[PDB]
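Worksheet: one structure, shown below.
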Amino acid sequence: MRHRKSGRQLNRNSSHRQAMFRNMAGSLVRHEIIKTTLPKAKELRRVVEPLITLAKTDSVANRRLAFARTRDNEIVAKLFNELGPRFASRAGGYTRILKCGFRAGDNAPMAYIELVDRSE
Amino acid sequence: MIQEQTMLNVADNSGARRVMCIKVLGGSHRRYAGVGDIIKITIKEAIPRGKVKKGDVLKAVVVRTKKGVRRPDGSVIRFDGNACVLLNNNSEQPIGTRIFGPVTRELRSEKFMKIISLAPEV
Amino acid sequence: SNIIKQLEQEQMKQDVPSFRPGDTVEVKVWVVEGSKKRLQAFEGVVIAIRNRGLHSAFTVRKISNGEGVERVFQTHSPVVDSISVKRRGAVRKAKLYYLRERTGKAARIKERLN
Amino acid sequence: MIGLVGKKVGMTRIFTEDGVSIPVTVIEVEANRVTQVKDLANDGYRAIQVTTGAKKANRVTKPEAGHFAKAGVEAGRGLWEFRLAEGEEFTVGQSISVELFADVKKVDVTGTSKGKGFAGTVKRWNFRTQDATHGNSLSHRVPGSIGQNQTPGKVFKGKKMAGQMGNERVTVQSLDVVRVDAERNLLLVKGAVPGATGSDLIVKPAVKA
Amino acid sequence: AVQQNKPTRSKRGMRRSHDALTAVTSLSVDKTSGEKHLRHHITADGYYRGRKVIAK
RNA sequence: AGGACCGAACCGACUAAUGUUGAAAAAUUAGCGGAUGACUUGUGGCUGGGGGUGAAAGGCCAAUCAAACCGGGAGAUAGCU
RNA sequence: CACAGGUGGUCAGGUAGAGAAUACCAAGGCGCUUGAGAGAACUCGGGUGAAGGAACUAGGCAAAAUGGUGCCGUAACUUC
RNA sequence: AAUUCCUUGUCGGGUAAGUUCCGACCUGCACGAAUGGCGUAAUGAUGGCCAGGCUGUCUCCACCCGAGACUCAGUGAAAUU
RNA sequence: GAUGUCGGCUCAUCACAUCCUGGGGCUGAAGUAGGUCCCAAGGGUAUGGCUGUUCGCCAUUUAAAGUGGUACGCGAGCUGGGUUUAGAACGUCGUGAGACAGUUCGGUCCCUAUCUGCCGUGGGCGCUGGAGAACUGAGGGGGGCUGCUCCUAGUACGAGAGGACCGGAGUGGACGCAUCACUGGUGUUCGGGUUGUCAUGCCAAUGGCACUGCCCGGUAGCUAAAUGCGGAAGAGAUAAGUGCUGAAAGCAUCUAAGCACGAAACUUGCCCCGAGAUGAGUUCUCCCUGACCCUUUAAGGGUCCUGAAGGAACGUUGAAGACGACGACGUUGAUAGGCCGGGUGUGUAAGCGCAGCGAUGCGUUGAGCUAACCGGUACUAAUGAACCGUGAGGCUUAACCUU
Ligand SMILES: [Mg+2]
Ligand SMILES: [Mg+2]
Ligand SMILES: [Mg+2]
Ligand SMILES: [Mg+2]
Ligand SMILES: [Mg+2]
Ligand SMILES: [Mg+2]
Ligand SMILES: [Mg+2]
Ligand SMILES: [Mg+2]
Ligand SMILES: [Mg+2]
Ligand SMILES: [Mg+2]
Ligand SMILES: [Mg+2]
Ligand SMILES: [Mg+2]
Ligand SMILES: [Mg+2]
Ligand SMILES: [Mg+2]
Ligand SMILES: [Mg+2]
Ligand SMILES: [Mg+2]
Ligand SMILES: [Mg+2]
Ligand SMILES: [Mg+2]
Ligand SMILES: [Mg+2]
Ligand SMILES: [Mg+2]
Ligand SMILES: [Mg+2]
Ligand SMILES: [Mg+2]
Ligand SMILES: [Mg+2]
Ligand SMILES: [Mg+2]
Ligand SMILES: [Mg+2]
Ligand SMILES: [Mg+2]
Ligand SMILES: [Mg+2]
Ligand SMILES: [Mg+2]
Ligand SMILES: [Mg+2]
Ligand SMILES: [Mg+2]
Ligand SMILES: [Mg+2]
Ligand SMILES: [Mg+2]
Ligand SMILES: [Mg+2]
Ligand SMILES: [Mg+2]
Ligand SMILES: [Mg+2]
Ligand SMILES: [Mg+2]
Ligand SMILES: [Mg+2]
Ligand SMILES: [Mg+2]
Ligand SMILES: [Mg+2]
Ligand SMILES: [Mg+2]
Ligand SMILES: [Mg+2]
Ligand SMILES: [Mg+2]
Ligand SMILES: [Mg+2]
Ligand SMILES: [Mg+2]
Ligand SMILES: [Mg+2]
Ligand SMILES: [Mg+2]
Ligand SMILES: [Mg+2]
């Protein structure tokens, strides 16, 4: 039974899941639009959205917290300088998932995940 | 929570130091003895020139357990170790005269009255 | 849950003093011998606190006749009349179950003067 | 006597002055509305139908709404029936409240138990496991034998096997009613009752007592 | 473990009676580009619910 | 000094689990034994079938051993199926 | 078999370490040619566990446990 | 007794309880002196027994992490009959 | 041209020649406890030591530790200790090879389930217009065990010793159901400590890897060892048995007529499934009230228009779940996530400052972080639609409309 449990295992261990999401978090922040699988995209929301939220209160402790969960200083910078200010007024929902069909190789259901205000 | 093969310390001056529970008395297939429950014991360790001696089979009542008692408010009292007070086989009154260590009010019954009195606590 | 919250806080106590794991505490507890009830004291060290509203609990471990005695108290029970910090203790851990292993000078709590 | 429908809010305790902690399930018993009185003539048995709670006008179907509208009651979340014992009368539109349990001492509660899905024999039927070691080849929690040899030559019916466990109607009987709170629409029942927090409960007085 | 008798052509088809695929019950049409697409999915030209949220 | 001690490479294979249409016609995993010797290993060489070789288990002699393999006698014979 | 096997020699970086052990790394090289989801039973490989502690079992099988350096200390017996 | 049928021999130890174990007894069914007899320190992946410690071995299972099992897509067996 | 053989484990099922519990007659039955037979198979019916054991002895339990059948039930479920391969040895027989219903030590247990069967779970069609709900309950299943203490009463009984039925009250054991409020376990998704090493340029702070590196704690959920509940009472008809009246048979006779007592068995009562109950049932509510062509004119086929109730699909999802299914929600919205606030857990972050040669300590400060929790909030994502499903529902008879 899985009753009231959150957290997709995604046919990985904990270390691999944390690491992929850290990678997927930075790719999103960097590209502002990434194609992944739909279930990965739904979890990605639970990793990426709290960092944008942390990125509104620019304290050095916050840069350190983001660096611990991002391990990239391009991503911390873009969070606290561009994303944090850009989502200053938004009470959550920084990302939007848009389903985009099935992958040719394995028929995985895909989804584009995006920042709600891309402006490119 | 006292079952067969569990070692118990002794809470009396009978002469035994260590005893082993060999039978939880009461019902059939009765798995455990708690505080206030009579058990059958063998003495695995005794002091020389004592009332009891090693290998003697007799009865004991549990007075303290590591699992502990439960109270009606939901409070639990747990002891550091499991201890017993030896009892005669056909009389079930205590062999000793002193009771060493605390006891509980789960022994406040006509049968165990001569233990709560001689105890230093409850 | 607001239902349960309201039903819970309606019987919670108001007098519960602040204490901390490591503090030495004299819990006064009712014992009913027949009909006439008298308070009994259990002085010892707080090794664990559970903070869950009405379901809050705290464990006091004391040594008695060489026999380590732990008592888990339900802090909002009417069985418990009074909690009283007699000594504050400086520990760095929420839970002090390691004090079970220790004895005498090994299980001493340095005093808090914060 | 009839019973009432409610909802599982959760469990709490009631401390008494004497020192006793009483575990209770809190049952939210909103006012039960009679939607249909079945009588011996037209229906063939004497019962009442009730609804309670609320449903969206947008999620009520037209068949449901006419049935509520005929009774002159607001659409609740479901329909439940209670049989009548030959003296108790009721009228459509009549609102029955938790005060009906004011004088009762013990109640039977029924709900849908928590669902455990596909359960093994160990969990579902208290089947003892086999040896964890001492040679055991792939048969640690497996059910063992399921029968005899070329005489029945088949598995008998009702053989305790692995499958769906829970998510079924369960009645727990003779539960002490701790407190009836009419102004707050709550029944307090000593002890656990079936199902998950937030689940429909039916509460009746105890048959046995 | 294994069959004592060859199952027939008929038993084989009865097993496959549930093997038919369901078709798409309906395609949805974009309010702006008129493309057909899977409902709640984006179009092949990059439109979702009339908005062009892809580059291509 | 040592057919000495602990322990890797290296050589082996006591237990257990896995696997038993295997990843594998004998392995894998965890542990286990020897580990300067009667050790181990490479290259090449010699011993040939009632023969070899064997610290001896009828063990091994190209996944084959109480008489190898291939070919021949040969369509042995088969009061049996 | 693009097979968890077998296959001799040579080269031998850094931190820790007695070490060619072990962990992490460098150089260099790989991610093992189906993937995507789900988070049932059961199986496998593992982690933890109240109280009890071999009551298991043919058998403590397996697990758990012990494990290092130095100082002290070390029985029976003995071919010393 | 790696030898004893009778046999779980008798007694004793150890255990609450011991067909095993140890010790002694002799009634050696059916030991016995280099197909060696009796001992024997050390050694043993040797056989049997005991204890300390340890533990999911067990009482009596519970939860968790992973690989499968289940679902989708692709490839696509087998024994049997 | 193979039906795997002892015992164990797991799971069991029937029989009754009944071990306990229940009901009873005789007793050389005072009472307590027994003896023996009759009825009764509802439920229940040990853990250990020794041995491969079945068994048996012994220890200690229990209300009792029943007897048998099921391939001496169960190896395509487990084990492999015994026993029947190859090794080796003792004794013994034999010149010997070898051998023993003698012993010893050691020694590969395969199978992805087609059918039946079983446990679960769905799809299809049917149930005669379609649809959404609520039900009746034919039938089926589950459950059915009992100890101890106290009162009645130290009474009835008995010379004493001891010591009741009947009825009653409480508390346990075992089994089962539910559940998480408590007590706990778990918690590789929370926090913290810490060893070694690498990296983030370095300091400081962090992260990776080392079984989650090792540990200490611990949310939710799941859960037992935790805590609530249950077995019933009662009714009906009976068993063995006890009787009333009562002839046949002037009497007697429980029986022939007739009448009544009488048990955990039976039927009910309690719980669960349940109209595929094709004998397909009932009740409530909802929807559909148009044109016509055709011809073997028949429950006929086709065209146009219409497309409902509702359903499904899709999507967000769930204390529901293998998949289906079930439930909740879909902007007229709290369905999920995010966010806010709280709680919870961890236990006083970082940075700065003070003290100290320094390790570190103190202060800012119960700080910082905080998963699944609570209460809220449309920020994100749950599309305007399309799709399926129709268009008043056979014949015959009867009654009511309307005797
Ligand atoms: Mg996969
Ligand atoms: Mg790791
Ligand atoms: Mg469930
Ligand atoms: Mg296994
Ligand atoms: Mg048959
Ligand atoms: Mg050597
Ligand atoms: Mg050596
Ligand atoms: Mg090599
Ligand atoms: Mg290998
Ligand atoms: Mg190995
Ligand atoms: Mg060595
Ligand atoms: Mg031979
Ligand atoms: Mg060969
Ligand atoms: Mg020739
Ligand atoms: Mg021929
Ligand atoms: Mg010839
Ligand atoms: Mg490959
Ligand atoms: Mg290495
Ligand atoms: Mg799993
Ligand atoms: Mg444990
Ligand atoms: Mg422990
Ligand atoms: Mg044993
Ligand atoms: Mg046993
Ligand atoms: Mg044995
Ligand atoms: Mg071992
Ligand atoms: Mg280990
Ligand atoms: Mg023993
Ligand atoms: Mg033994
Ligand atoms: Mg000889
Ligand atoms: Mg030896
Ligand atoms: Mg496939
Ligand atoms: Mg074929
Ligand atoms: Mg009979
Ligand atoms: Mg009955
Ligand atoms: Mg026995
Ligand atoms: Mg039987
Ligand atoms: Mg058999
Ligand atoms: Mg079989
Ligand atoms: Mg054997
Ligand atoms: Mg097998
Ligand atoms: Mg068949
Ligand atoms: Mg928990
Ligand atoms: Mg540093
Ligand atoms: Mg690295
Ligand atoms: Mg980690
Ligand atoms: Mg600070
Ligand atoms: Mg909320």
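Lettering of chains follows the sequences in order, A, B, ..., and the numbering in each one begins at 1. Reckoned from all heavy atoms, side chains included, excluding hydrogens, waters and symmetry mates.
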Minimum heavy-atom separation for [X] and [Y], please, with both atom names.
X	Y	result
D:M161	D:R124	O-NH1, 3.1 Å
C:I47	C:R100	CD1-NH2, 4.1 Å
C:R71	C:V29	NH2-CG2, 3.8 Å
B:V76	B:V69	CG2-O, 3.1 Å
B:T104	B:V122	C-CG1, 3.4 Å
C:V69	B:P102	CG2-CG, 4.0 Å

Assess whether atom [atom1] of [X] is packed by more than 12 heavy atoms of other residues, nucleotides or ligands within 6.0 Å.
X	atom1	value
C:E33	CD	yes
C:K13	NZ	yes
D:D103	CG	no
D:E74	CD	no
D:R179	CZ	no
D:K159	NZ	yes

So is C:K62 actually on top of C:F42's ring, under 6.0 Å and inside 45° of the axis?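 C:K62 over C:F42 ring: yes.
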For the residue pair [Y] / [X], report whether a side-chain donor-acceptor contact shorter than 3.5 Å exists.
X	Y	result
D:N167	D:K116	no
B:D73	B:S75	yes
D:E99	D:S97	no
D:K38	D:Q49	no
C:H55	C:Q74	no
D:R13	D:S21	yes

Output, in order, the C-alpha distance, side-chain angles, deciding distance and verdict of side chain to side chain contact (heavy atoms under 4.5 Å, CB included) for D:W80 and D:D200. CA-CA 10 Å; D:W80 297 271; D:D200 273 311; 3.9 Å; yes
How long is the straight-line distance from [atom2] of [Y] back to [atom1] of [X], given to the nearest 0.5 Å?
X	Y	atom1	atom2	answer
C:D23	C:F58	CG	CZ	11.0 Å
D:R141	D:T121	CZ	OG1	8.0 Å
D:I48	D:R83	CD1	CZ	12.5 Å
B:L118	B:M113	CG	CE	12.5 Å
D:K7	C:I3	NZ	CD1	7.5 Å
D:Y45	D:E81	OH	CD	3.5 Å

Considering only heavy atoms from C-beta outward, does the side chain of [X] approach that of [Y] to under 4.5 Å?
X	Y	result
D:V109	D:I202	no
D:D108	D:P205	no
B:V85	B:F112	no
C:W30	C:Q40	no
B:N90	B:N88	yes
D:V92	D:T35	no
D:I2	D:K204	no
D:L186	C:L7	yes

Kindly indicate, with the supporting measurements, whether the criterion salt bridge (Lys or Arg N to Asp or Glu O under 4.0 Å) is fulfilled by C:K28 and C:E26. CA-CA 6 Å; C:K28 292 263 177 53; C:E26 186 170 277; 3.6 Å; yes
Scan for salt bridge (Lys or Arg N to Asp or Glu O under 4.0 Å) pairs involving residues 41-61 of chain D, sequence neighbours excluded, and state none if there are none.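 Every salt bridge (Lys or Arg N to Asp or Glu O under 4.0 Å) pair that includes a residue of residues 41-61 of chain D, provided the two are not neighbours, is D:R46-D:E86, D:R46-D:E89, D:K55-D:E64.
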Report yes or no: does [X] contribute a side-chain atom to a donor-acceptor pair with the main-chain N or O of [Y] at less than 3.5 Å?
X	Y	answer
B:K67	B:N82	no
D:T25	D:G191	yes
B:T65	B:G68	yes
C:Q11	D:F15	yes
D:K8	D:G195	yes
C:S56	C:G53	yes
C:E67	C:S64	no
B:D80	C:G68	yes

Under the side chain to side chain contact (heavy atoms under 4.5 Å, CB included) rule, what do B:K66 and B:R78 come out as? Steps first, then yes or no, please. CA-CA 5 Å; B:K66 283 178 59 53; B:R78 315 143 180 158; 5.9 Å; no
Can you list the steps and then say if B:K111 with B:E92 is a side chain to side chain contact (heavy atoms under 4.5 Å, CB included)? CA-CA 8 Å; B:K111 69 191 323 188; B:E92 301 215 329; 4.0 Å; yes
Quickly, which of C:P78, C:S82, C:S77 forms a side chain to side chain contact (heavy atoms under 4.5 Å, CB included) with C:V80? Name it, please.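 By the side chain to side chain contact (heavy atoms under 4.5 Å, CB included) criterion, C:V80 pairs with just one of C:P78, C:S82, C:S77: C:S77.
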Side chain to side chain contact (heavy atoms under 4.5 Å, CB included), paired with D:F101, selected from D:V189, D:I27, D:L187: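 With D:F101 as partner, D:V189, D:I27, D:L187 yield a single side chain to side chain contact (heavy atoms under 4.5 Å, CB included), made by D:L187.
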Run the numbers on B:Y32 and B:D37 for side chain to side chain contact (heavy atoms under 4.5 Å, CB included), then give the verdict. CA-CA 9 Å; B:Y32 318 109; B:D37 286 326; over 6 Å; no
Could you check C:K37 against D:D18 for salt bridge (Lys or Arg N to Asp or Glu O under 4.0 Å), going step by step and ending with a plain yes or no? CA-CA 10 Å; C:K37 63 197 278 186; D:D18 280 19; over 6 Å; no
Mind running side-chain hydrogen bond (donor to acceptor under 3.5 Å, both in side chains) on B:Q93 and B:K114 for me, showing each step along the way? CA-CA 8 Å; B:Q93 276 269 309; B:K114 205 168 161 34; 5.9 Å; no
Could B:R70 and B:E106 be called an ion pair, given the rule that one side-chain N must be under 4.0 Å from one carboxylate O?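 No, this pair does not count.
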